[PDB]
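Asks: Chains as they are written, first to last, in the entry's author numbering: chain A, 384 to 456, 460 to 603, 627 to 712; chain B, 385 to 456, 461 to 463, 467 to 603, 627 to 683, 688 to 712; chain C, 392 to 457, 461 to 603, 627 to 712; chain D, 385 to 603, 627 to 712.
Virtual Cβ for every residue (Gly too), placed ideally from N, Cα, C.
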Amino acid sequence: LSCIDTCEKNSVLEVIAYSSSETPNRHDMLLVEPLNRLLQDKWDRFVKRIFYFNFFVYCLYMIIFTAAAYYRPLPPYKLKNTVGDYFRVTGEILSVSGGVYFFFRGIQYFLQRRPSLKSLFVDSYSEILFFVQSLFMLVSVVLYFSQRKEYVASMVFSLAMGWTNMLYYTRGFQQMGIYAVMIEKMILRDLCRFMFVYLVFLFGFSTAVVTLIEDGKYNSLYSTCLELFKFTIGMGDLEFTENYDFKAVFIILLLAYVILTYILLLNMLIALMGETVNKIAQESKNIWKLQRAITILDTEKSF
Amino acid sequence: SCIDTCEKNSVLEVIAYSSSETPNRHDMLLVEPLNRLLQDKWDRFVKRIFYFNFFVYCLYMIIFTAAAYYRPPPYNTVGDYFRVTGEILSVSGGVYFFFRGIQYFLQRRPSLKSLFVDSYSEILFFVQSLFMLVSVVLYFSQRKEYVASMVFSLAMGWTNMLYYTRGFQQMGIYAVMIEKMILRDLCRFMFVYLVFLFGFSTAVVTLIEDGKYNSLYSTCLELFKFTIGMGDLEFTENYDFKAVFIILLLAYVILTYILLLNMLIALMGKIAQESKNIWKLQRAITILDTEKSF
Amino acid sequence: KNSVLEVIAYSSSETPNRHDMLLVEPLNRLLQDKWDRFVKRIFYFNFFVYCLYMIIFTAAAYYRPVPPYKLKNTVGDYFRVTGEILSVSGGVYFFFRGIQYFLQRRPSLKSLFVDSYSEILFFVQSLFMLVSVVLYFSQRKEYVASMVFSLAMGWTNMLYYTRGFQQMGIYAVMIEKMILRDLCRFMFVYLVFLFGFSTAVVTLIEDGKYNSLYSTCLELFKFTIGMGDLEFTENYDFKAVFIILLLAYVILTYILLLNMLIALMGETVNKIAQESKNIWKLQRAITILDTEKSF
Amino acid sequence: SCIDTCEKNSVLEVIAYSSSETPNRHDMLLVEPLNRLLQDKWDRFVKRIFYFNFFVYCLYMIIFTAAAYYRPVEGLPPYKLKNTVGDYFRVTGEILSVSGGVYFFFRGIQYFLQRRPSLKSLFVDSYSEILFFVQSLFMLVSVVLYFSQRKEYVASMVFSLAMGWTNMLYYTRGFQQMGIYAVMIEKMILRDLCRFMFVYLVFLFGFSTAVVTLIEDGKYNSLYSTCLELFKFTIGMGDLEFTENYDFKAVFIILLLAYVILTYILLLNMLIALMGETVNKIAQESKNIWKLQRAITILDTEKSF
Ligand SMILES: CCCCCCCCCCCCCC(=O)OC[C@@H](O)COP(=O)(O)O
Ligand SMILES: CCCCCCCCCCCCCC(=O)OC[C@H](O)COP(=O)(O)O
Ligand code: NA
Ligand code: NA
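(1) What does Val482 (chain C) reach in chain D if we use C-beta pairs closer than 8 angstroms?
(2) Taking the beta carbon of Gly602 (chain D) as the centre, do at least 16 other beta carbons fall within 10 Å, making it buried, or is it exposed?
(3) Any C-beta of chain D sitting closer than 8 angstroms to the C-beta of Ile569 (chain C)?
(4) Using DSSP with H/G/I as helix, E/B as strand and the rest coil, what is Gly477 (chain B)?
(5) Does the beta carbon of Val667 (chain A) sit closer than 8 angstroms to a beta carbon anywhere in chain B?
(6) Give the residues whose C-beta lies closer than 7 angstroms to at least one heavy atom of ligand 2, in chain order.
(7) Taking one C-beta from the stretch 472–487 of chain D and one from the stretch 451–462 of chain D each time, how about it: are there three or more such pairs within less than 8 angstroms?
(8) Between the stretch 552–562 of chain C and the stretch 437–448 of chain C, are three or more C-beta pairs nearer than 8 angstroms?
(9) Less than 8 angstroms between the C-beta atoms of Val596 (chain A) and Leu635 (chain A), yes or no?
(10) For ligand 3, any of its heavy atoms closer than 7 angstroms to the Cβ of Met644 (chain B)?
(11) Kindly list, in the order they appear in chain B, the residues whose Cβ is closer than 9 angstroms to that of residue 459 (chain C).
(12) Could you tell me which whole alpha helix (DSSP H) segments of length 4 or greater appear in the stretch 470–536 of chain A?
(13) Under 8 angstroms between beta-carbons, which chain B residues line up against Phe649 (chain A)? List them in chain order, please.
(14) Any beta carbon of chain C sitting closer than 8 angstroms to that of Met677 (chain D)?
(15) Identify the continuous alpha helix (DSSP H) that holds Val586 (chain C) and give its terminal residues.
(16) Tell me whether the stretch 568–579 of chain A and the stretch 530–548 of chain B touch, counting them as touching only if at least three CB pairs, one residue from each stretch, are closer than 8 angstroms.
(17) For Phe649 (chain D), name the three-state secondary structure that DSSP assigns.
(18) Is the CB-CB distance between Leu673 (chain D) and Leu577 (chain A) below 8 angstroms?
(19) Can you tell me the Cα-Cα spacing of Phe559 (chain C) and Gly590 (chain B), whole angstroms?
(20) Taking any Cβ of chain B, which residues in the stretch 524–553 of chain C have a Cβ under 8 angstroms from it, in chain order?
(21) Does the count of Cβ pairs from the stretch 485–493 of chain C and the stretch 513–523 of chain C closer than 8 angstroms reach three?
(22) For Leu637 (chain B), which residues from the same chain have a beta carbon less than 7 angstroms from its beta carbon, with the 5 sequence-adjacent residues on both sides left out?
(23) For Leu678 (chain C), count neighbouring Cβ atoms within 10 angstroms of its own Cβ and tell me buried if that reaches 16, exposed if not.
(24) Less than 8 angstroms between the C-beta atoms of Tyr435 (chain C) and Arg579 (chain B), yes or no?
(25) Alpha carbons only, please: which of C:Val528, C:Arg557, C:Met523 and C:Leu529 is nearest the one belonging to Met547 (chain C)?
(26) Could you compute how far the alpha carbon of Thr708 (chain A) sits from the alpha carbon of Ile433 (chain A)?
(27) Would you tell me roughly how many angstroms separate the C-alpha atoms of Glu648 (chain A) and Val658 (chain A), rounded to the nearest one?
(28) Would you identify the three-state DSSP class for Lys466 (chain D), choosing helix, strand or coil?
(29) Can you list, in chain order, the residues of the stretch 484–497 of chain B whose Cβ is nearer than 8 angstroms to any Cβ on chain C?
(30) Would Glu600 (chain C) count as contacting chain D if we go by Cβ distances under 8 angstroms?
(31) Listing by chain order, which chain D residues have their CB less than 8 angstroms from the CB of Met682 (chain C)?
(32) Would a check of beta-carbon distances place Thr476 (chain A) closer than 8 angstroms to chain D?
(33) Taking 8 angstroms as the cut-off, decide whether the C-beta atoms of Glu600 (chain D) and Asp646 (chain D) are in contact.
(34) Using a cut-off of 9 angstroms between C-beta atoms, extract the partners of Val586 (chain D) located in chain A.
(35) Candidates A:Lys639, A:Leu503 and A:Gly485: which alpha carbon is nearest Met644 (chain D)'s?
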């Protein structure tokens with residue numbers, strides 16, 4: 384394995400895996416049979432166990448964080467002499483520890499790899515997500531000690547993001563790894579396109595309705634936007650208010666909006682999701698292989 | 385040579401504007417020199433021009449939305472000056488769109504049978520303009536239907552932003568895909584559903600005795639409620655022979671679901691490579707429009 | 392006496408390759424020629440007349456009073475009664491045509507409910523119209539139910555005339571094929587699951603509004642249309658069992674609805690394009706034969 | 385020779401009851417002599433025998449349903465038998481249903497012992513046997529609780545009733561369309577529903593915990632309440648305003664919008680598409696698995712004389 388796994392300066396694994404999202408063929412090169420076998424071998428040797436241990440630790444940490452937050456009480463609040471309070475505060479100090487740990491992990495990531503500042507928002511989505519969670523937790527701490535009530539919003543954002551972050555650990559399993567890859571591809575392509583078009587349609591139709599509406603609760630653009638959105642989730646009322654003239658034009662706008670959005674653009678989202686799944690099978694598999702390779706190399710460098 | 389600018393007739397000019405009846409409108413655009421020259425001219429000036437046009441139109445739509453939203461007819468404050476200037480600007484923009492629509496109609500003189508198959512965006516812009524002008528006429532005649540004509544114009548204007556996707560590739564292809572369903576499998580797939588809905592609404596309203627759902631409008635709307643995930647199944651109790659009522663409702667629900675299902679199996683039984695060709699064709703049309711319009 | 396065009400078009404379903412034999416150059420050419428010459432214009436007129444009949448019947452049914463009822467001498471009421479008379483004449487005509495078809499083509503009891511779908515639909519709508527009349531003259535009230543059933547089947551049979559245009563005829567062919575193939579199995583399995591979970595839930599419920630098998634079944638089915646409640650009763654014991662059962666039913670019913678909405682595409686993303694077009698061609702050929710035999 | 389009539393080690397029986405590990409236990413049965421033999425024996429006697437079994441099963445399940453739905457509701461079981469024709473019918477229906485439960489329990493115990501399975505693929509293969517054993521176990525524990533003077537006999541009975549009513553799909557085999565429909569159902573539950581449910585449960589628990597943390601207190628201060636409220640979206644009955652006993656409406660609505668966009672918009676339509684590809688990919692596999700299931704039915708009946 385000369386210049387294959389350990390050169391300490393520049394070797395094939397480090398350049399292939401850590402190459403930025405610019406190389407034309409950064410995915411199919413790992414499919415070389417000896418290299419595939421080598422990665423799988425190192426995995427089975429120790430990386431599988433280290434990843435399982437890390438996953439168990441992360442799940443336990445997030446359970447602790449959920450327990451501490453779910454029982455949250460002008461902070462800070464006095465530490466009452468009761469077992470529940472001691473356990474709550476001990477959970478809080480563990481959560482803060484996790485946040486600071488991820489804050490340093492992201493810093494070390496960005497310093498050791500030092501992306502070119504351009505493809506920093508094109509790859510390494512997991513690391514930026516973890517850094518953002520860490521920042522949310524830190525800002526929650528800062529507001530908590532500053533005697534403000536926005537620390538709840540900060541930490542709930544942190545908690546939701548951290549819970550959704552367990553998708554990171556789906557890698558290391560063939561089936562769930564490919565599933566997570568497909569989810570991410572679909573988010574990037576189909577969700578984005580449909581969301582842009584649908585946002586334009588919804589804003590236009592809500593503006594038309596609110597202009598028609600004379601006064602009342627839905628005279629606000631926000632109220633009318635919420636009402637028109639409630640159609641896409643199978644909850645459209647179609648008669649939320651009668652405070653306006655010319656029932657005809659109101660119903661015409663509502664029916665045109667429903668036909669163009671609910672029956673046409675949703676059917677279009679589903680169809681693109683079908684086409685993509687039928688198209689990017691092997692691409693998803695290669696991306697999963699590369700994700701596992703990056704994890705293996707990192708944990709190998711972590712001793 | 386006589387392909388880019390002949391000043392009398394060029395291949396790009398004739399291929400761009402050849403009617404829909406021609407068999408291979410977008411296929412021959414794939415010729416190497418045509419593709420390369422179209423791309424060269426686009427990336428030379430049309431991209432910048434199109435970006436500027438899209439920005440101007442978006443700003444205009446924001447202005448018109450603000451003016452219409454804060455409507456106090462007909463009808467010394469900074470807010471009052473902003474509203475009135477917004478109204479004036481919106482009217483002027485509608486007039487300009489009227490002008491451009493008339494100009495295109497006269498120039499291409501479509502055959503009134505593909506006039507609707509082609510120039511879909513042009514027809515949409517013209518109809519927007521006709522709504523705005525009628526809204527002006529009603530407003531200055533001391534009437535109220537100006538609000539209906541304004542809201543329709545505003546809705547079409549905001550939903551017409553999709554014409555500007557051309558210039559962004561993936562957004563252009565997605566927009567081309569939506570166009571296909573509306574101008575091919577929308578009328579046809581909607582006539583069947585409409586006849587089902589009308590027939591079952593007539594059956595139900597006949598079955599009812601009397602109530603707040628005596629009219630055809632209310633019963634038709636109730637039967638439509640199911641299509642939007644709001645099936646009530648009990649809206650009226652004033653009747654006789656409950657079993658016939660409920661079995662008819664179940665029949666309608668199952669049939670409408672199967673109809674939607676057949677819609678999906680039919681249309682999902688798209689193009690991908692043809693859509694890219696369509697988008698390239700529309701981008702080329704934009705390129706020549708910018709070139710001649712300078 | 393015996394022509395390949397009339398023999399094959401009316402050939403049984405026992406023949407293997409009807410959908411193919413219409414591809415023969417002379418046959419398809421001649422069928423298109425006859426259509427475009429005369430049968431297109433005859434079919435257009437026939438569709439016009441049928442739609443006018445349906446409008447008349449709809450108007451008559453809508454304004455029904457609240461039998462027989464006395465006629466008050468007003469022009470609108472004379473209009474109503476003559477509408478009802480035209481509606482009965484058309485129903486009788488459809489009944490006569492159905493009986494004539496059954497006494498001419500003698501369907502051999504095997505594909506009788508597989509092919510000739512439109513003819514059977516019209517015949518059953520005739521059986522509804524005539525039984526409605528019989529109830530009406532007998533001083534009975536069920537005539538309203540029979541009449542509404544007939545009206546629903548008529549407006550739905552409107553689709554029979556969708557043929558003569560390729561795209562709409564092919565979509566209608568897809569609807570018929572779906573109804574005869576896939577909704578069958580989907581509804582069998584869905585009914586089994588719905589009844590099982592309905593019985594479980596109603597057994598769990600002690601008493602109340627939703628204590629009957631019928632009300633429980635309705636509340637359960639309400640989930641398939643995205644109008645679930647998940648809390649429609651509380652007069653019982655073991656809320657845990659209630660929630661477990663409702664969650665299991667919701668999960669399984671979505672599995673089933675999905676499995677269908679996918680399996681139909683998976684099986685027939687392919688055959689629809691060509692087989693449905695061939696079937697539409699066959700249906701147009703049969704229409705040509707019927708029109709010609711009607712002179 | 386020694387294909388189906390060997391009595392020492394027959395290839396047909398060996399392959400039909402073979403280990404799961406066998407690479408192509410489904411493909412080998414397609415051999416023309418094997419398939420011809422299976423079809424012959426089926427048509428000759430197993431068709432009639434299996435249809436009679438289906439009829440008896442349906443009759444048993446109707447009797448049990450009628451007995452349960454008409455149960456006496458008075459508390460503290462058992463209940464004294466009151467002299468009435470209807471009551472005599474309702475108690476004999478009960479005693480027949482109990483007998484059926486015991487019969488299925490013994491059938492399962494027999495399959496378990498006779499087969500001597502691997503204890504590793506035992507769950508992976510033979511889902512039907514374990515499911516029937518489970519309904520029988522529920523029924524027997526329902527009898528025990530009924531005699532033990534408790535109120536959980538009804539819970540055990542309703543679970544058994546639901547499981548048995550859904551178990552009629554075991555008989556879908558023997559009809560090509562519904563057999564292949566059931567096998568596709570089974571594959572799709574094992575793969576696509578499992579993946580989607582893993583991701584969806586993670587997402588739902590995370591966002592529901594976040595919301596219930598945000599919610600100050602009131603009706627929805629319980630984790631279960633917020634979990635149900637969030638699950639109401641995926642069934643197409645979300646509210647978006649079910650609670651207002653909190654602060655910072657901005658964060659609340661942002662969390663709800665994120666949850667909706669991530670689950671309802673994205674993961675459900677991904678389920679659509681993934682199930683589309685799957686079904687478009689695994690047709691012949693389902694056909695072969697159904698053929699093997701009918702083969703196992705035929706062999707079991709033949710050994711049952
Ligand atoms: C009075 C009768 C009702 C008239 C319609 C009222 C105005 C509501 C909006 C009508 C929707 C028309 C269809 C539409 O606006 O979407 C199509 C475009 O996105 C397609 O993209 P593009 O314009 O071709 O570039
Ligand atoms: C005999 C039981 C009591 C009467 C209840 C009957 C419930 C049916 C209600 C009438 C509508 C049935 C129409 C139908 O069966 O679905 C649509 C047609 O298939 C479409 O076929 P086609 O296009 O007309 O050829
Ligand atoms: Na709903
Ligand atoms: Na719904």
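Replies: A quick look at the data gives this:
(1) Those do not exist, as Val482 (chain C) stays about 42 angstroms from chain D at its closest Cβ, beyond 8 angstroms.
(2) exposed
(3) no
(4) helix
(5) yes
(6) B:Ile661, B:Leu662, B:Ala665, B:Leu669, C:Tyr511, C:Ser512, C:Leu515, C:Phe543, C:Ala546, C:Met547, C:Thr550, C:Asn551, C:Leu553, C:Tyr554, C:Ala566, C:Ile569, C:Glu570 and C:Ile573
(7) yes
(8) yes
(9) no
(10) yes
(11) Because residue 459 (chain C) lies between 457 and 461, and chain C jumps straight from the first to the second, it has no atoms in this structure.
(12) 511–531
(13) Those within 8 angstroms of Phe649 (chain A) in chain B number zero; the least Cβ separation is about 12 angstroms.
(14) no
(15) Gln560 to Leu598
(16) no
(17) coil
(18) yes
(19) 22 angstroms
(20) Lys535, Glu536, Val538, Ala539, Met541, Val542, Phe543, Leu545, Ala546, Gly548, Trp549, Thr550, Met552 and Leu553
(21) yes
(22) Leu588, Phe591, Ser592, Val595 and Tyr666
(23) buried
(24) no
(25) C:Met523
(26) 8 angstroms
(27) 13 angstroms
(28) coil
(29) none
(30) yes
(31) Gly683, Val686 and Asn687
(32) no
(33) no
(34) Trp549, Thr550, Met552 and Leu553
(35) A:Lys639
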